[PDB]
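Residue 22 is where the sequence shown starts when you use the numbering used here, and the numbers rise one by one after that.
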Amino acid sequence: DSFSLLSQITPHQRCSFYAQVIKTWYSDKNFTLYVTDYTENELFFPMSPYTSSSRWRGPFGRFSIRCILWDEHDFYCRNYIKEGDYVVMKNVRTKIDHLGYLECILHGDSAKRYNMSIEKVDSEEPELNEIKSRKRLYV
Numbered sequence: 022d023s024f025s026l027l028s029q030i031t032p033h034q035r036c037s038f039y040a041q042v043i044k045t046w047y048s049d050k051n052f053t054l055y056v057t058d059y060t061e062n063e064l065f066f067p068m069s070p071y072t073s074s075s076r077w078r079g080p081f082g083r084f085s086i087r088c089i090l091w092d093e094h095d096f097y098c099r100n101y102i103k104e105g106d107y108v109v110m111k112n113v114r115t116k117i118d119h120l121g122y123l124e125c126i127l128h129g130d131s132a133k134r135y136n137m138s139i140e141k142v143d144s145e146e147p148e149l150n151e152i153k154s155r156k157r158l159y160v
């Protein structure tokens with residue numbers, strides 16, 4: 022249907038959003054992104070500022086969502102989407118993990134049944150103006 026702020030997404034729905042990539046992690050099974058639009062969601066994991074060792078600089082608290090990418094989504098993004106990039110995720114699915122936190126999932130879809138996509142957004146696009154503005158306010 023249309024785009025949501027990350028504060029508006031709920032579990033077990035299809036949604037679309039713009040976000041900034043905070044963290045990436047590739048593995049032999051999948052590719053993981055942690056993204057934010059600097060809006061808070063009560064089901065996101067609360068990122069701690071106190072962790073003894075971490076390369077995460079922010080945002081802290083419940084402001085970012087983990088996205089797991091498998092199969093073609095992994096192969097496409099794993100050496101392409103980078104920390105600090107802006108992304109637009111379209112028609113992606115949300116779920117709740119074993120511990121109750123929201124996450125986003127992109128399952129391999131060779132049948133092309135669900136129409137999902139993730140693409141990089143050029144940093145000058147106006148749809149990113151609110152993220153940039155909220156980042157300033159968050160900080």
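Virtual Cβ for every residue (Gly too), placed ideally from N, Cα, C.
- Counting the other Cβ atoms within 10 Å of the Cβ of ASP95 gives 16 or more, which makes it buried.
- Rounded to whole angstroms, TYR47 and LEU54 show a C-alpha spacing of 9 Å.
- With respect to the 8 Å criterion, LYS111 and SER23 are not classified as neighbours on the basis of their beta carbons.
- The three-state secondary structure of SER28, taken from DSSP, is helix.
- Looking at the backbone, the Cα of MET137 and that of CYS125 are separated by about 12 Å.
- Assigned with DSSP and collapsed to three states, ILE89 falls in strand.
- Rounded to whole angstroms, the Cβ separation of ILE43 and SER85 is 6 Å, and the two are in contact under 8 Å.
- Apart from the 5 residues on each side of it in sequence, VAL56 sits with its Cβ closer than 7 Å to the Cβ of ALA40, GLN41, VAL42, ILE43, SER85, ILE86, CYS88, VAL108 in its chain, given in chain order.
- When only Cα atoms are considered, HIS33 and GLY105 end up about 27 Å apart.
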